[PDB]
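Throughout, protein chains are lettered first and strands after them, A, B, ... in sequence-line order, and every chain is numbered starting at 1. Just the heavy atoms: all of them, side chains too, but no hydrogens, waters or symmetry mates, feed the values below.
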Amino acid sequence: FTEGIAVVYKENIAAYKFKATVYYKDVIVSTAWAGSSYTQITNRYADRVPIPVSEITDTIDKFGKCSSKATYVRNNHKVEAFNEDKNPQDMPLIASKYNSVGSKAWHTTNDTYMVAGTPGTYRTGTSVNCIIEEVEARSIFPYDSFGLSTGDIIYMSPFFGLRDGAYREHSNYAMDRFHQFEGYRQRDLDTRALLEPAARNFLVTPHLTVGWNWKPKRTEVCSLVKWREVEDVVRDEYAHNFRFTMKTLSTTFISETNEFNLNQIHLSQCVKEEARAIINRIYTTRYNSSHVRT
Amino acid sequence: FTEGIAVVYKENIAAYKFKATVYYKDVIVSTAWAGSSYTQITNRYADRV
Amino acid sequence: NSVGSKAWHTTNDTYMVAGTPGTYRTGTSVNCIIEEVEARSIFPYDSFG
Amino acid sequence: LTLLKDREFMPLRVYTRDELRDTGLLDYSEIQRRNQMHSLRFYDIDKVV
Amino acid sequence: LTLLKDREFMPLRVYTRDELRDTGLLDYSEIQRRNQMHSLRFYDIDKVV
Amino acid sequence: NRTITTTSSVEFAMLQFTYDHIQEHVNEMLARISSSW
Amino acid sequence: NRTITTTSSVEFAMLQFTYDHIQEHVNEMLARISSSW
C-alpha cells in the first residue's frame with residue numbers, strides 16, 4: 001500500500017456565469033383615434049434600440065444622464081425618435097422602485113406619451129425610455145455565445161477582445177459593433193462615483209448594447225471542478241490497476257497504473273496549482289511531523 | 001442454474017426525432033414618417049406566411 | 001449554412017421609403033425562406049415541435 | 001478471530017439537483033419572472049391621465 | 001476453505017444526463033439560440049442606405 | 001484534445017469499498033481458521 | 001427557521017443495511033467459532 005493525500009476532481013457541468021450591463025432605449029409609438037365619446041388605440045409599436053457607445057462613454061459614465069433622442073438603424077436606414085416629440089434633452093438616470101440586491105436598473109421616464117386629438121382624426125405619439133440594467137450573463141462550452149437575464153443571445157464569446165490572442169475567439173458580428181476600452185472606469189449610478197479601471201468590452205446589438213469587463217479565458221473557465229479533498233487515502237497495487245481506498249468517504253476509486261496527462265483535457269490549467277495548494281495545506285495541518293512527502 | 005445469453009431492455013424516454021423542412025415568407029410592412037431633418041419608423045408589422 | 005441547419009432565402013434587404021417631409025410612407029418586403037429543421041415528437045406522438 | 005467494526009456510510013452526491021439544473025444557457029422561468037415585470041419596473045401603470 | 005476473489009464494479013447508468021435532458025418536446029435554449037439570429041441569417045444588418 | 005465525462009453516481013465506488021472490506025476481512029479470518037486447523 | 005434538503009439517493013442507506021447485516025451475522029459466527037475452539 002501507499003498512504004498519501006488526494007484531491008478528487010469531477011467534470012464541471014455548470015455554465016460560466018459573469019455579470020454584464022445592457023443599455024437600450026424603449027421606443028414606443030402609439031396611434032390613437034379620437035372618437036365621439038371615446039379614444040381608441042389603433043396601434044402601438046414598441047421597439048428596443050441600443051445606446052451607442054459614444055453616448056454611453058460620453059454622457060452616462062460622465063454625467064449620469066441619457067439623451068432623450070434615440071438614434072438607431074432599422075431596415076438599413078438611420079432612423080430617429082424623440083420623447084414626446086419635443087426637443088432633445090439629457091435626462092438623469094433614476095433607480096427603479098424595485099432596485100433590490102443584484103438586479104438593478106436605472107431609467108429616465110415613468111410615463112408613456114400618447115395624444116388623442118379632435119374627434120375624427122388619428123394622432124401619433126412617441127415615448128423614449130433610456131434603460132440601463134445590470135444583468136447576469138451566462139455561457140456554456142465551448143463559450144462562443146452568452147445569454148443574458150433579459151433573454152438575449154449574444155453570438156460572441158465572452159472572451160473576445162483585442163489583445164492576448166483574444167481576437168481569435170468566435171464572433172458572429174462585424175468588427176465595427178465591438179469596442180474595447182482599456183483602463184475604463186465605469187460609473188456607479190447610485191453613488192455617482194467612478195469605479196476602478198478595468199478593460200471593458202462593448203457590443204452594439206441591433207436591439208441593445210452589452211457591456212462586460214473583459215477577463216482572459218485561461219483564468220475563468222475550467223473543465224474540472226474539485227469534488228472532494230481526502231486527507232487520508234491508501235493507494236494499493238492490485239494486478240494491472242491502482243486502487244484508492246478512502247475510509248472516511250467509504251469510497252474506493254480504481255485507476256490504471258499509468259499517470260494521466262491533464263494536457264489531453266481542455267481548460268485543465270486549474271487542477272495542478274489548486275490541488276498543490278490544497279495538498280500543501282492538508283500536509284502542513286495534519287502530517288507535518290508524522291510523515292514525509294515522496 | 002441455467003446458462004444463456006440475455007439482452008436487457010429499458011423504457012425509451014427520448015423523443016422521436018426526424019427531419020422536416022419549413023417553407024414560409026417573411027412579410028414586413030414598414031411605415032416611416034419623413035420629418036424636417038430625420039426619418040422615424042412609426043410602425044413595422046412583421047408576419048410569417 | 002453549416003452542417004445540418006441550412007436555409008435558402010431570396011432577399012438580403014428590407015424595403016422602406018421615407019417620402020417628402022411631412023407625410024407617411026409605407027413599404028413592404030417579402031423574403032422566401034426555406035429552412036431544414038429538426039422535428040421532435042413525444043408519446044403518444046400526436047404533435048411535433 | 002477479529003470482528004468486523006461498525007461503519008457509517010455518508011450520502012455522497014457527485015452533483016446536486018441545483019448543479020444538474022444549472023447546465024443550460026437560459027432558464028425559461030427565470031427569463032419570464034425577470035422580464036414580465038418590465039412594465040411594473042419601468043412604468044407607472046397606476047396613474048391615469 | 002476458499003477465499004473470496006477480487007471484483008471490480010463498473011459505473012452502470014441506465015440513463016445519462018443527455019438522455020434525461022432529451023425527454024421534452026422543445027428546449028427553450030435551443031429554440032432561442034436558433035431563432036434569435038434570424039435577422040443575422042436572412043438579412044444584411046451592416047449595410048446602410 | 002478531449003473532455004472527461006463524469007457519472008452521476010459514486011454508488012459503484014461505495015460498493016467497491018464495501019466489497020473490498022468484507023472480502024479482505026473474511027479472507028483473513030478464513031486463512032486463520034485454516035492455519036489453526 | 002430553515003428547510004431540510006433531501007438527497008436523491010437512498011443507495012447509501014441500503015448499503016448501510018447490507019453492511020450491518022453481513023457484519024452482524026459474520027461477527028456472531030466468528031464468536032461461535034472462537035468459543036467452540
For this session: Can you run down the disulfide bond (SG atoms under 2.5 Å apart) pairs that involve residues 8-49 of chain E, sequence neighbours left out, and say none if there aren't any?
Result: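 Counting only pairs at least two positions apart or across chains, no disulfide bond (SG atoms under 2.5 Å apart) contact touches residues 8-49 of chain E.
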Would you say the side-chain atoms of [X] and [Y] include a donor-acceptor pair closer than 3.5 Å?
| X | Y | answer |
| --- | --- | --- |
| B:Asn43 | B:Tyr45 | no |
| A:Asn213 | A:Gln186 | no |
| F:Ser9 | G:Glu11 | no |

For this session: For the residue pair A:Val7 and A:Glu274, establish whether any side-chain heavy-atom pair is separated by less than 4.5 Å.
Result: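 Contact flag for A:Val7/A:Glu274 side chains = no.
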For this session: Just say parallel, tilted or perpendicular for the rings of A:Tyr173 and A:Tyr155, cut-offs at 30° and 60°.
Result: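 It falls in the tilted class, 30° to 60°.
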Problem set entry | Audit row: A:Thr150, A:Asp152, side-chain hydrogen bond (donor to acceptor under 3.5 Å, both in side chains) steps and yes/no | CA-CA 6 Å; A:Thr150 47; A:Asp152 314 299; 2.3 Å; yes
For this session: Any chance you could lay out the side-chain hydrogen bond (donor to acceptor under 3.5 Å, both in side chains) test for F:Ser8 and E:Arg17, step after step, and finish with the verdict?
Result: CA-CA 8 Å; F:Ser8 314; E:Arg17 277 183 296 263; 2.8 Å; yes
Problem set entry | Pairs involving residues 124-134 of chain A, ordered by first then second residue, that meet salt bridge (charged side-chain N to carboxylate O under 4.0 Å, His left out) (sequence neighbours left out) |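 Output for this query lists A:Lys19-A:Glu134, A:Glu133-D:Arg41.
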Mind checking what makes ring pair (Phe, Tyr, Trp, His ring centres under 6.0 Å) contact with [X], not counting sequence neighbours?
| X | result |
| --- | --- |
| B:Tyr38 | A:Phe82, B:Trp33 |
| A:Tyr72 | none |
| B:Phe18 | B:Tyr16, C:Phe48 |

For this session: Kindly say whether E:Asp44 contributes a backbone atom to a donor-acceptor pair with the side chain of C:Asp13 at under 3.5 angstrom?
Result: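 It does not hold such a pair.
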Problem set entry | D:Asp27/A:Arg138 salt bridge by N-O under 4.0 Å criterion |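 No, A:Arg138 and D:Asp27 are not salt-bridged.
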Problem set entry | Identified ring-ring contact (aromatic ring centres under 6.0 Å, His included) partner of A:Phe202 from the options A:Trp212, A:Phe178, A:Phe181 |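 Between A:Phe202 and the candidates, ring-ring contact (aromatic ring centres under 6.0 Å, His included) is satisfied uniquely by A:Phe181.
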For this session: Applying salt bridge (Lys or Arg N to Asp or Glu O under 4.0 Å), run through A:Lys215 and A:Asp164 and close with a yes or a no.
Result: CA-CA 10 Å; A:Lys215 293 161 182 185; A:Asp164 291 331; over 6 Å; no
Problem set entry | Residues which pass side chain to side chain donor-acceptor pair (under 3.5 Å) with C:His9, listed by chain and number, not counting sequence neighbours |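 Counting only residues at least two positions away or on another chain, C:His9 forms no side chain to side chain donor-acceptor pair (under 3.5 Å).
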